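Asker: One structure coming up, written as structure tokens, with questions to follow.
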Amino acid sequence: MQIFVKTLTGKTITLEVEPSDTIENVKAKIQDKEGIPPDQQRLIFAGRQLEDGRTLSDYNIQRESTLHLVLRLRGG
Amino acid sequence: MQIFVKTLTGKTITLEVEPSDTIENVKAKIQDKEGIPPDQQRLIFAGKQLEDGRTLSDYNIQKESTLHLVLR
Amino acid sequence: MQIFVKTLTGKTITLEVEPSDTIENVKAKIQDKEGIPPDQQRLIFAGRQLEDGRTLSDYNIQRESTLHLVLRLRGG
Numbered sequence: 001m002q003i004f005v006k007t008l009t010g011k012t013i014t015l016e017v018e019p020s021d022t023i024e025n026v027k028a029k030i031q032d033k034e035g036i037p038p039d040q041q042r043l044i045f046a047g048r049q050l051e052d053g054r055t056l057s058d059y060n061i062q063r064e065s066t067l068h069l070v071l072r073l074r075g076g
Numbered sequence: 001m002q003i004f005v006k007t008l009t010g011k012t013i014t015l016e017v018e019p020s021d022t023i024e025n026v027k028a029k030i031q032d033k034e035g036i037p038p039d040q041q042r043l044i045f046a047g048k049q050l051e052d053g054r055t056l057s058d059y060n061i062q063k064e065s066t067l068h069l070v071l072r
Numbered sequence: 001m002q003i004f005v006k007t008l009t010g011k012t013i014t015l016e017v018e019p020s021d022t023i024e025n026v027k028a029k030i031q032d033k034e035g036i037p038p039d040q041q042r043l044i045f046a047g048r049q050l051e052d053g054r055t056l057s058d059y060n061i062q063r064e065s066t067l068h069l070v071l072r073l074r075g076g
């Protein structure tokens, strides 16, 4: 299935994932589409930050759901 | 000065701050107005997480700037 | 009738008003006599702030009444 990742700066990114994929999995896929390293990504759904390890089905993220993406830059 | 704090769930909050206010000071002001403990607050400006120990002027946050708040 | 709008620095503004005059009208009268814009005016009577939509008679402001003027120094 496909999820929609929208940055708070206005960029929308469509990704290819599956319910068994962890949050660390989608972070590695965003690194492909946009080049953001996984250690500097934070994914938001329902106003809460998503944890590396728990899956998309674990957070009740269904098909065509919207995720939010922020940067975590130390020194930034 | 007056800044705006928006959640991604809908609520918009107005805050009275100073340029020399630190990020943790803004979080304590958010806890006062909202009840959210600063432990679970993440402030966002220009698309990136804001660090504790920095000030609002350090990120060039000025009058009527919009910060975003997400729960950790 | 006459009312007296005094500042916290002793400046007394004598205004010729009517009991049916609204607080906005009083502020516009102050702006004419002195030049203080209305949005910069906080008007106090009997220790409480006066609302724009009310009239003078609404606050039992009779003749020879003394009002107090505090400046709203917050610009934009």
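Chains as they are written, first to last, in the authors' numbering: chain B, 1 to 76; chain A, 1 to 72; chain C, 1 to 76. The beta carbon of each residue, even a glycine, is placed where N, CA and C say it ideally should be.
#1: Taking only beta carbons into account, state which residues of the region 37-68 of chain A come closer than 8 angstroms to chain B, listed in chain order.
#2: Taking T9 of chain B as the query, report the chain A residues whose CB atoms sit under 8 angstroms from its CB, ordered along the chain.
#3: What runs of the beta strand (DSSP E), each 3 residues or longer, lie entirely inside the region 5-56 of chain B?
#4: Just the chain A side, please: which residues come within less than 8 angstroms of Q49 of chain B by C-beta, in chain order?
#5: Can you give the beta carbon distance from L43 of chain C to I23 of chain C, rounded, assuming they're within the 8 angstroms contact cut?
#6: Considering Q31 of chain A, what are the terminal residues of the beta strand (DSSP E) in which it resides?
#7: Taking C-beta to C-beta, are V5 of chain B and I44 of chain A nearer than 8 angstroms?
#8: How would you write the range of the beta strand (DSSP E) that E16 of chain A sits in, first residue to last?
#9: Does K11 of chain A pass the burial test, meaning 16 or more other C-beta atoms within 10 Å, or should it be called exposed?
Answerer: Short version:
#1: Residues passing the 8 angstroms Cβ filter: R42, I44, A46, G47, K48, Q49, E51 and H68.
#2: Ordered by position in chain A, the residues that pass the 8 angstroms Cβ test against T9 of chain B are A46 and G47.
#3: For the region 5-56 of chain B, the full-length beta strand (DSSP E) segments reaching 3 residues or more read 12-16 and 41-45 along the chain.
#4: Residues of chain A passing the Cβ test: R42, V70, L71 and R72.
#5: So it is a contact: roughly 6 angstroms between Cβ atoms.
#6: It is not in any beta strand (DSSP E) - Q31 of chain A instead sits in the alpha helix (DSSP H) that spans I23 to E34.
#7: No, they are not a contact pair.
#8: Counting along the chain, the beta strand (DSSP E) containing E16 of chain A begins and ends at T12 to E16.
#9: Of the residues assessed, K11 of chain A falls on the exposed side of the cut-off, its CB having fewer than 16 other CB atoms within 10 angstroms.
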